[PDB]
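**Student:** Below is a structure I'd like to ask you about.
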Amino acid sequence: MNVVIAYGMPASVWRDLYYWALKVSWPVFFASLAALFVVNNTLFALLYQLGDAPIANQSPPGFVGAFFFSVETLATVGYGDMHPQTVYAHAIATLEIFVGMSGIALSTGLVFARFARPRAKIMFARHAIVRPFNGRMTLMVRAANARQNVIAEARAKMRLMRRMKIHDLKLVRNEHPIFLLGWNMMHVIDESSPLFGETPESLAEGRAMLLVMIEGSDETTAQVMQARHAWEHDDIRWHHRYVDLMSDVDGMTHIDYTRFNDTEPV
Amino acid sequence: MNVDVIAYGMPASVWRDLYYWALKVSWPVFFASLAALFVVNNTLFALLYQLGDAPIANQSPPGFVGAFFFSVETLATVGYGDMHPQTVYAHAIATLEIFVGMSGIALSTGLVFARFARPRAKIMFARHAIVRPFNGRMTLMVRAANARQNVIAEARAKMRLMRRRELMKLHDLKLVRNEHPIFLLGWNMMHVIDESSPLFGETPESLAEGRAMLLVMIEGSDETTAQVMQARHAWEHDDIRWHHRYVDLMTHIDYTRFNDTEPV
Amino acid sequence: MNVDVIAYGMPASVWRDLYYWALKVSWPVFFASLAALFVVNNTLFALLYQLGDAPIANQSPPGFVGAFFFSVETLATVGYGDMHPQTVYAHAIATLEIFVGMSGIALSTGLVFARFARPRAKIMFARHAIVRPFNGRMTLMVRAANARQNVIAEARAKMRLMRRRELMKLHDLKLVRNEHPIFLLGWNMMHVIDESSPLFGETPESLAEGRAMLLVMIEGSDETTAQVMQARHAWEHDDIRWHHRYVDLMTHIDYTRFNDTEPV
Amino acid sequence: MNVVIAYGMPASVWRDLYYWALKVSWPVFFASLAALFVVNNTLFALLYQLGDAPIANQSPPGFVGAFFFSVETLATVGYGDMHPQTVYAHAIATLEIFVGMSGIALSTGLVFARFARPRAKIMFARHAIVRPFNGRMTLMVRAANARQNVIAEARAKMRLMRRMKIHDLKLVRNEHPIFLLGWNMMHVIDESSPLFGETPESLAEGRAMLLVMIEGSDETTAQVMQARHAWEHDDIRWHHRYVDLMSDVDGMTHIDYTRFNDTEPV
Ligand SMILES: [K+]
Ligand SMILES: [K+]
Ligand SMILES: [Mg+2]
Ligand SMILES: [Mg+2]
Ligand SMILES: [Mg+2]
Ligand SMILES: [Mg+2]
Ligand SMILES: [Mg+2]
C-alpha cells in the first residue's frame, strides 16, 4: 500500500529536564535553545564588562558590543574584528569556548536523541465489541499502523483486569504477518475464557478493564516499537460490529480510516 | 502517577513526511537537496541584510552579492572577518543567523547519521515459489539468500497463507525448519503439504478461487551492528510453479540464476 | 565467501577501558576530564609552536602564553584571525592541529551522545525477600518497582535458584506470573513452594548448607526510546525472611518503606 | 565480579568502503581521514591556482599558500588573513564550505557509527569435550564473557551439521542467569540425541561439525549482542574435562582464565 503520589523515590531536576527535551515539539525545542542561547551570552557579556578594556574594537562600545562578541566566541565562528586584549579577556574567552562547543555537542546530542525516538505509532479503536462470530460469542478490537513508518509482522497480547486480579485472554491469532493494512484482534468467549458468563453489568460490578498490547519492529530502523491500549467496560459495545474500512474500485481495493472506530449493532 | 493498494483518512503531517524522504532519498540527492536548501537559506538572510543600509563592513562585492557571500561566511561559523557587522541591526541579524547555522549543521549531521543507522543487510527472495514431490510427499519450497555486503547468519523465518473464507483467514504453515544456523549462503525454506497442512487438497485452481497468497518473513541480526533486521515477501498463486525445482546455483555460485526453475 | 569476586587472565586493552570510564563517569567529571584534556592538548601544540621562531603573527602576549591562547583559537575552529601563521612551519602545525581539533570535537560529541544513549529506566528490588503462607500454600515473594522517571510497563521476569550439588546447579523457579501488564506502579513476584518447586522441603538451614542463592531478572522496554532495558538482583539465603510480609506502601505510596517487612 | 565465489549479486564499491570504515582500527581510521584530508585540500588548492589572484594576502605566495588557505576554508575556522578576492575565488570557496561541513558531518557520522558497534565479546573454548557425567555420556563446551562490557542473562542454541543435514542438540540448560562469570554448556548423548552411537571415527566419516551460539543483551546499551562458534570433529576431545578456572582465597573465590581452553582426560 502506497499513500497517585510517589513518596521517597528520588527524582532529579536534571532527568526531568531531559524528559521534556524529548517530549517537547520541534519548534519549541529550538525556541527553547534560543531563549537558552541568549541567556548564555547575556551571562558572559556581563562577565566581560567586569574587566575594562575587554574586547579590542568592541563595537558597539558598551554592553551590546560585549554581547555581539559573545555570540562570536561561543559558536566558534570568531570573526576576529574583536579580540581579547587583557589577560582576563582571554581567560573568560577561553572558558567560554569550552562551554560553547559543549553547548553545540549537547544540543546535537539532543537533536539526534530526538530523531531516535521511535516513529511508527499504532492507533486502536476507541471502542471494542462483543459479537456472535461463527457460532460463538467472541470479542474483537481492531488496530492499525498509523504513521508513515510501517510495522508489519506484529504480535499482540490481550489481558483482562477485574476485582484486583489479572487474567490473560487467549487470542484467536497471536501474530499478524501483513499488518501493513489493519488488524482485527479477537478472543472467543467460550468455556475457557475468563469472560465466560459475564453480562455487561457483571463487568462493572468488578471494575473490569481490557488491556491490549501490540509489539512489532519498524522495518526501517530495526527499532522494536510497542504500543498499548485500555478499554473500560462502558467502552465495549455489545452485539456490535466494525464498519468495514475497505472499499473497492477499478479492481483495486483501498481502505478508508475516516470511520475507524465506528460500529453498528448486528 | 506524579511525585511529591492505497489508504485514505490518515493524519500525515508535512513535517514527518519530509523526514521520511530525508531517509528514503539517495545520497547524491540528499546533499543536492541540502545545497538547494543551503542557497535558499542565505538568499533569505542576504535579503534580510539589505533591509538595513551599511550592513557588513567591506561588503564586497558591494551590493546583494556581497551580503550573500557574507551570509555563507556567518552561517557556517567560518567567519573570515573580512566582513564585520557594523550597525547594531547588522549584528542582530548576524547573531540570529548563527544560532540558525549551527542548528543547521546539527540537524543535517543528525540526518546524516540517521541515514547511516538505516539497517543495511537486505534479503532477496525467489520471485517464484514451487510445489514439488520431495522425499515422498508433496511439499512446497521458497528460497531466499543474504543479499548485501552485511551478513545475516542465524536467521529464523515464519511462513503464512492468506485466503478468503466464510474474511481473509491467515493460516500458519508449519515449516520443516524454522531457524537456519549458517544462512551466510542461502536458504531453501519448505513446508510439507500433508494432512495437517492448510494447503492439503488444493489444486492451483483451488487457490485462485479463494485469492490465495503466500507470505514469508525472515528475521535475523546483522552481526556487525546488532540491529535485528527483518525482511518480507509475498507470492500470488500464479507465482507458485507446480512440480518445479530450483536450479542449483552451485566452488562457484551463480546468483544470477537465483529465481529460475525447472519442472521435474 | 567473496565476490567475483575478581577475574584474572583477561585481555583488557587500555583503549577500551578508557571508553568504559568515559561512560561510567558522572557528567561534571566528564567535562572536567575533557577540560584537563583540552588544556593538555594545547600545551602540547603551544610548545610545538615555540620550536620555530616567528610562529604566529601578533602573537600576544608575546611568548608561550600567546602561542597557547592561539592554540585554543586554531583548535576549536573559531579562528579569530588576530594571530596568523607566518612561517610555513607555522602553517604545517596549524593545519595539522585543525584536523586534530575537529576530530577532537567529533569524538567528544560522539561520547556525549554515546552517554545519552545509556538506558535510563532503572528497576529497584527489595533488599529483602520473603517466604510466607499465601492462599494455603508456602510461597516465596520478592517485589520490585520502576525507579527512574523513565517508565517500564509491560515487563516480564525470570526467577532462578543457585545451589551446590553433586557444581552450582541453576534451577528455574516457576513464577505464579511471568509477565506484568501495568508495571508502572510496582510488582510483587511470587513462586509457590509446592511439590514441584526445587525449594520444596528446605529449611533456612537447609539453604545455607548448600550456599543457596536467589536470582531474579526483569526485562522490559522503555516506551520512550524503544530500548529494551534489563535489570537483575541477587539474594543470599540470610536475605530471605521467613514468614514475613511486605509492608503495604499504599492515594499515596511511600516508596521509603519499600524493602520493609513484618512477620505474619 | 570487579576486575566460495559469488556471481551475480551486485556489490557497490561504496558499501565496501563503509564496511572497512568500521572494521578498521582507530589509529588507522584517522590516519585514513588525514590522508583523505590532505588529498581534499590538494584538490581545492589546485582548483584555486586555476584563477589568478585567488586569495588576498595568499602567503606563502604560490601553491603552498592556496593550500594552507584551503585547510582554513574547509574546517570553517576561517582565520580571515586570506579572503576571496575574485568572484571565482568565492565560487570555489563557497563550494568548498558546503563540502567541508558535509566532510565533518560524515566523519562524525562514522565516528559514532563506530562507537555503536557492539562491545561485549564472548570467547569459546577452542576445544570441546565428551565425558561421562552423572552416569551418562554427555558433551560440554564452555564460554565466558570476554570484554569489559557485561552480558548476564544469556541464552544459547547448540547445533550439529553432518552428511548435509542440520540437527538440533537439546541443551541441559538453555538459558544462564548469572553469566557474568562463565558458562559450561552441556548436551546429554542419550537415546534421543542425534549424536547417540557415534564414535569419533563415525563423526569424521560424515564431516560432523558442532555449532554453538549465544545471544544476550549488553545491560549498558540494551544492544542484543550475539556470538557464534564452530568446532570440527578433531576439536572434540573424548573423555576429557575442563581444567577448573576458579580458585579460592581468604574465603574469596576468583576465576583464572589463563587456562580457559585447557583439558585433562578423566
Ligand atoms: K576570523
Ligand atoms: K573565524
Ligand atoms: Mg569557525
Ligand atoms: Mg574596524
Ligand atoms: Mg578588501
Ligand atoms: Mg594588537
Ligand atoms: Mg598580513
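In the C-alpha cells, each chain is lettered A, B, ... as it comes, each chain's residues begin at 1, and ligands are numbered from 1 in order of appearance.
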Quick one: residues within 12 Å of ligand 5, with only C-alpha atoms and all ligand atoms, as JSON, numbers by chain?
**Tutor:** {"B": [57, 58, 59, 60, 61, 62, 66, 81, 82, 83], "D": [55, 56, 57, 80, 81, 82, 83, 84, 85, 86]}
**Student:** Suppose we keep N, CA and C atoms; can you now write the selection as an mmCIF file, in the first residue's frame?
**Tutor:**
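Here's the written file out08.cif:
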```cif
data_model
loop_
_atom_site.group_PDB
_atom_site.id
_atom_site.type_symbol
_atom_site.label_atom_id
_atom_site.label_comp_id
_atom_site.auth_asym_id
_atom_site.auth_seq_id
_atom_site.Cartn_x
_atom_site.Cartn_y
_atom_site.Cartn_z
ATOM 1 N N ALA B 57 30.711 45.607 6.992
ATOM 2 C CA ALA B 57 31.886 46.404 6.656
ATOM 3 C C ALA B 57 32.701 45.734 5.557
ATOM 4 N N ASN B 58 33.077 46.511 4.547
ATOM 5 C CA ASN B 58 33.850 45.996 3.422
ATOM 6 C C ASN B 58 33.059 44.955 2.631
ATOM 7 N N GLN B 59 31.738 45.119 2.619
ATOM 8 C CA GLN B 59 30.827 44.200 1.941
ATOM 9 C C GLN B 59 31.093 44.121 0.436
ATOM 10 N N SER B 60 31.957 43.186 0.048
ATOM 11 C CA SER B 60 32.396 43.047 -1.336
ATOM 12 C C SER B 60 32.040 41.678 -1.904
ATOM 13 N N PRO B 61 31.483 41.646 -3.126
ATOM 14 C CA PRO B 61 31.184 42.816 -3.964
ATOM 15 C C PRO B 61 30.039 43.649 -3.406
ATOM 16 N N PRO B 62 30.239 44.971 -3.311
ATOM 17 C CA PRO B 62 29.218 45.877 -2.779
ATOM 18 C C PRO B 62 27.875 45.644 -3.451
ATOM 19 N N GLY B 66 27.488 40.661 -2.228
ATOM 20 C CA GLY B 66 28.389 40.737 -1.094
ATOM 21 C C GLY B 66 27.717 40.272 0.184
ATOM 22 N N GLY B 81 36.067 37.299 8.588
ATOM 23 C CA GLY B 81 36.336 38.523 9.316
ATOM 24 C C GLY B 81 36.596 39.702 8.395
ATOM 25 N N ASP B 82 36.767 39.422 7.109
ATOM 26 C CA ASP B 82 36.895 40.489 6.131
ATOM 27 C C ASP B 82 35.659 41.371 6.258
ATOM 28 N N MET B 83 34.488 40.742 6.307
ATOM 29 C CA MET B 83 33.261 41.461 6.632
ATOM 30 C C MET B 83 33.071 41.488 8.140
ATOM 31 N N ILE D 55 43.321 34.200 -3.428
ATOM 32 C CA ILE D 55 43.154 34.644 -2.046
ATOM 33 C C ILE D 55 44.030 35.849 -1.717
ATOM 34 N N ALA D 56 43.415 36.875 -1.135
ATOM 35 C CA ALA D 56 44.132 38.078 -0.720
ATOM 36 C C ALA D 56 45.152 37.754 0.363
ATOM 37 N N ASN D 57 46.374 38.246 0.184
ATOM 38 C CA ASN D 57 47.454 38.008 1.132
ATOM 39 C C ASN D 57 47.818 36.528 1.190
ATOM 40 N N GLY D 80 40.752 34.522 8.239
ATOM 41 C CA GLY D 80 40.410 35.804 7.653
ATOM 42 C C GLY D 80 41.615 36.554 7.125
ATOM 43 N N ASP D 81 42.805 36.071 7.465
ATOM 44 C CA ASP D 81 44.023 36.635 6.908
ATOM 45 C C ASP D 81 43.908 36.567 5.392
ATOM 46 N N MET D 82 43.509 35.404 4.881
ATOM 47 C CA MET D 82 43.166 35.277 3.469
ATOM 48 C C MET D 82 41.703 35.634 3.263
ATOM 49 N N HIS D 83 41.351 35.966 2.031
ATOM 50 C CA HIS D 83 39.997 36.369 1.711
ATOM 51 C C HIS D 83 39.801 36.256 0.212
ATOM 52 N N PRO D 84 38.682 35.655 -0.205
ATOM 53 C CA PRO D 84 38.392 35.527 -1.635
ATOM 54 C C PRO D 84 38.307 36.897 -2.302
ATOM 55 N N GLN D 85 39.215 37.169 -3.234
ATOM 56 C CA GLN D 85 39.168 38.416 -3.983
ATOM 57 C C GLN D 85 38.209 38.284 -5.154
ATOM 58 N N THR D 86 38.678 37.630 -6.210
ATOM 59 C CA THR D 86 37.886 37.445 -7.415
ATOM 60 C C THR D 86 36.584 36.710 -7.109
#
```
**Student:** Would you kindly report the residues of chain A within 6 Å of chain C, using only C-alpha atoms, as a list in words?
**Tutor:**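 Here they are: residues 4, 5, 6, 7, 8, 9, 76, 77, 78, 79, 80, 105, 109, 117 and 225 of chain A.
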**Student:** Residues within 6 Å of residue 160 of chain C, please, as a PyMOL selection string. Count only C-alpha atoms; anything in the same chain fewer than 2 positions from it doesn't count.
**Tutor:** chain C and resi 171-173+214-215
**Student:** Now that the selection is made, can you save its residues with C-alpha atoms as an mmCIF file, in the first residue's frame?
**Tutor:**
```
data_model
loop_
_atom_site.group_PDB
_atom_site.id
_atom_site.type_symbol
_atom_site.label_atom_id
_atom_site.label_comp_id
_atom_site.auth_asym_id
_atom_site.auth_seq_id
_atom_site.Cartn_x
_atom_site.Cartn_y
_atom_site.Cartn_z
ATOM 1 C CA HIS C 171 17.204 -24.192 38.799
ATOM 2 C CA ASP C 172 14.285 -22.370 37.265
ATOM 3 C CA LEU C 173 11.653 -21.401 39.808
ATOM 4 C CA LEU C 214 18.102 -16.412 44.593
ATOM 5 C CA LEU C 215 18.491 -14.661 41.232
#
```
**Student:** Which residues, written as a PyMOL selection string, have at least one atom at most 7 Å from segment 42-56 of chain B, with only C-alpha atoms counted and residues fewer than 5 positions away on the same chain left out?
**Tutor:** chain B and resi 64+67-68+71-72+83-87+90
**Student:** Counting only C-alpha atoms, what is within 12 Å of residue 135 of chain D, bar same-chain residues fewer than 3 positions away, as an NGL selection string?
**Tutor:** (:C and (166)) or (:D and (131-132 or 138 or 188-190))
